[PDB]
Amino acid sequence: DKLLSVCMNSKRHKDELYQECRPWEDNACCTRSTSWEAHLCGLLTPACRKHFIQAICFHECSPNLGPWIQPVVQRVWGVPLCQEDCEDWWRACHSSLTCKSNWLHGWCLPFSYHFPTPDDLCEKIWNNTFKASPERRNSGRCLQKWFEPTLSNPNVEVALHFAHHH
């Protein structure tokens, strides 16, 4: 689509957002009901679910997903996530357990078993919707799953970097 920032054309995707999806308020690819609805084996930790919902706000609401868009026959394949992202993800969800490794969401063994390494979690989840990046959060070569809404968005310049250099 137009400019540098483009949203994948689909049903789920095209000032007031709910909880973890707030960081993208200034530019977002997801409508309010998408965030609100995004917040809707065994009891899962508050941190683990926090991380999942964060990932959903990222997939739906982020303008920066352009470069990795691949067609279904839209879909996103292997957006690099920073080491700390998948790390805190896999550690928060470590204690928790899960039944199946498909983990199809929107489309009872421990998590560590299905995903021994954070690479396993971020890669195997959603058929490689994310890539496990060796680059740490601050380098600028990897996308940040979540950021505090007040601060500037680190992922813009990265989406440009991958849109041109890669």
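Don't overthink the numbering: it's just position in the shown sequence, from 1.
J.: Check the entry and tell me how many residues of the deposited sequence have no coordinates between residue 14 and residue 15: none, 1 to 3, 4 to 9, or 10 or more.
T.: 4 to 9 residues are missing.
J.: May I ask you to compare 95-103 and 52-60 by their mean CA B factor in the entry and name the higher one?
T.: It is 95-103 that shows the higher mean C-alpha B-factor.
J.: With respect to the recorded C-alpha B factors, which stretch has the higher mean value, 23-31 or 123-131?
T.: It is 23-31 that shows the higher mean C-alpha B-factor.
J.: From 112, 139, 70, 45, pick the one with the largest CA B-factor in the entry?
T.: The C-alpha B-factor peaks, among 112, 139, 70, 45, at 139.
J.: Quick check on the deposited entry: does the C-alpha B-factor of residue 65 sit in the lowest, middle or highest third of its chain?
T.: According to the entry, residue 65 has a C-alpha B-factor in the chain's lowest third.
J.: Would you please rank residue 151 by its C-alpha temperature factor against the other modelled residues of its chain and give the third it falls in: lowest, middle or highest?
T.: Highest third, going by the recorded CA B-factors of the chain.
J.: Residue 159: which third of its chain by C-alpha temperature factor?
T.: It belongs to the lowest third of the chain when residues are ordered by C-alpha B-factor.
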